[PDB]
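Before any questions on how it binds or moves, here is one chain, the form deposited in one PDB entry, in structure tokens.
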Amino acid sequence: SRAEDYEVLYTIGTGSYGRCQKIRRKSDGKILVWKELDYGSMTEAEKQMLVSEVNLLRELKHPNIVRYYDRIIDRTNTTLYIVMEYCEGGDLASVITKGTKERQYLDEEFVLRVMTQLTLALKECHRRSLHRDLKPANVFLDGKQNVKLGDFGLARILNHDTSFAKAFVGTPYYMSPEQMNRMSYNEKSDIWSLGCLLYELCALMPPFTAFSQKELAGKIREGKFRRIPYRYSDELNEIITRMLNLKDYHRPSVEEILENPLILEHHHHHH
């Protein structure tokens, strides 16, 4: 409700659309974050749509989705603050970067935790069909081995210049063949993207790489990639390989994934 209700501790990071800061809620000393967004250049139309997105965001209550908490406006700076759950383990990009630097592969048990809890996150997103971009940077870890989807697509609308540069410069490593060939909404497309993510978690590189977009498109089109490292079981390799099937209808559904014998209770969330 009010900015005075919170005490900024420090800046965790400057995103493309503003700062993310670690904050303490005064009422109870609860540690949270907020996302600092300047809406000064927005039209009335863009702000109502922003309001719409926030309302849908607050409507997501799931252990495996970064939890929404509050909205605060300081009109003096034309700054909107979105209070979110603090995820102490950081994002998966950093984890993958750390794995490369230290020359160490991630435990299969970890990959199974992400697989399980991210699939559950997806099942929830689909039920409510909404931003579900599954890049490692959009995936967070708390302090209890819980995995949370935190795609803050919301913020694109604030600066169209930065949003255009992000869309044009960036390489869609996780782009499904359907979505490349002029497609739209299909939940099997999200399964392919999850496959890419789990693959990158295992191999520390995405399944398809190129220096060019049309070279990347050729690679994806062919649907060939290296097997994930041999430290990972044939079972985990078969499931990931399955999510990366050229045909969306050959990819496993959320339900089919969760039926896999690899996935056990301890792989799910515990708060």
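In case it trips you up, residue 1 is the first one in the sequence shown, and so on. If you superpose the two forms and keep the largest set of C-alpha atoms that fall within 1.5 Å, you have the rigid core.
Keep in mind that the form deposited in another entry is missing from the display, and what follows is about it.
- Once the rigid core is overlaid between the shown form and the other one, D234 does not reach a Cα shift of 2 Å, moving by less than that.
- Relative to the superposed core, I96 undergoes a Cα shift smaller than 2 Å between the shown form and the other one.
- With the core superposed, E215 shows a C-alpha displacement below 2 Å between the shown form and the other one.
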